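FYI, the deposited numbering numbers position 180 of the sequence shown as 178, with every residue one higher than the one before it.
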Amino acid sequence: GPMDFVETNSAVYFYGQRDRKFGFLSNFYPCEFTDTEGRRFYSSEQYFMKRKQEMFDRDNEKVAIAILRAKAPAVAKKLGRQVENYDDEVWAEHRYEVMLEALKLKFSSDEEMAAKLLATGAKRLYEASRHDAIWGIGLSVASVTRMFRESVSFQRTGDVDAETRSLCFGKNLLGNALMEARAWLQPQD
Ligand SMILES: Nc1ncnc2c1ncn2[C@@H]1O[C@H](COP(=O)(O)OP(=O)(O)OC[C@H]2O[C@H](O)[C@H](O)[C@@H]2O)[C@@H](O)[C@H]1O
């Protein structure tokens, strides 16, 4: 509903796989794709978590199987939080590009999903997750809605300004990765 996203002329603030319009931007959104080696994934979430286990605990049979079986994205996530030999410095260096790969597989798997991401044009994309300030901005959709309502200027440009983003928003690695996937999906002829 209207309380589940903010959309302006220049921005989309989304959260969650359920919204009928923007649900597809969520990494929990159900889909189906295969990697080159032929493993099957049912969300971008699950693939990202498999690549985390592969990076830190590659030979762990139980954990590899459990992630490949984790069709429920929240189960994949929790397994990902439990991956052993985790090194944050190393994951922080590599995790954006892993996510961008996940998104390339996901959006490549369905032309309708691809068309939906392209239909967002050049709008800036932000995951409005209150609890995730790495993949999202660490604010809820309601919080963002109050920022807009109290600012005639955000209302005029359709987005919060860069200084505000630098002080108020988390890293939004997902929104950034989606905008890079969207660029990658642009027609080349
Ligand atoms: N195995 C681990 N052991 C230790 N700490 C960990 C571990 N994994 C994560 N951390 C800690 O958790 C932090 C974040 O780890 P990242 O893997 O980037 O993300 P996410 O696990 O939040 O999953 C993000 C996905 O799930 C959401 O739906 C999003 O939208 C994405 O799709 C690290 O910096 C560590 O502090």
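Every residue gets a Cβ at the ideal spot worked out from N, C-alpha and C, and that includes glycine.
Rounded to a whole number of angstroms, what is the C-alpha to C-alpha distance between residue i and residue j?
i       : j      : result
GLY21   : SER127 : 13 Å
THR34   : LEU66  : 15 Å
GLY134  : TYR124 : 7 Å
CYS29   : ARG37  : 14 Å
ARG122  : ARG163 : 12 Å
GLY(-1) : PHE39  : 28 Å
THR118  : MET53  : 33 Å
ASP17   : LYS60  : 34 Å
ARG56   : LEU137 : 34 Å
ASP157  : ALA9   : 6 Å
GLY173  : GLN80  : 25 Å
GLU87   : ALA112 : 32 Å
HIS129  : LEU165 : 16 Å
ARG93   : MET177 : 16 Å
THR155  : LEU23  : 23 Å
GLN15   : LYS102 : 18 Å
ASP159  : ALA120 : 16 Å
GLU161  : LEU115 : 27 Å
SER151  : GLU109 : 37 Å
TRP89   : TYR11  : 26 Å
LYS19   : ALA74  : 24 Å
According to DSSP, which residues form a beta bridge with residue i?
i     : result
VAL4  : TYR11
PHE31 : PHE39
Considering only residues of the same chain and omitting the five flanking positions on each side of residue i, which have a CB-CB separation below 6 Å?
i     : result
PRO71 : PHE26, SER41 and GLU43
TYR13 : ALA126, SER127 and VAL139
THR32 : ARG38
If I measure Cβ to Cβ from residue i and keep anything under 8 Å in the same chain, skipping five residues before and after, which residues do I get?
i      : result
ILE132 : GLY168, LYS169 and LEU171
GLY78  : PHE46, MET47, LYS50, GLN51 and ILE65
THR143 : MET1 and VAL4
Mapping the DSSP letters down to three states, classify residue i as helix, strand or coil.
i      : result
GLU95  : helix
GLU59  : helix
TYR124 : strand
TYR45  : helix
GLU82  : coil
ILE65  : helix
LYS19  : coil
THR162 : helix
Got a sec? Which residues, its chain only, sit under 7 Å from residue i by beta carbon, not counting five neighbours each side?
i      : result
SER107 : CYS29, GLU30 and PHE31
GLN153 : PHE146
- Query: Is there contact between the region 83 to 100 and the region 2 to 19, where contact requires at least three CB pairs shorter than 8 Å?
  - Reply: Segments in contact, no.
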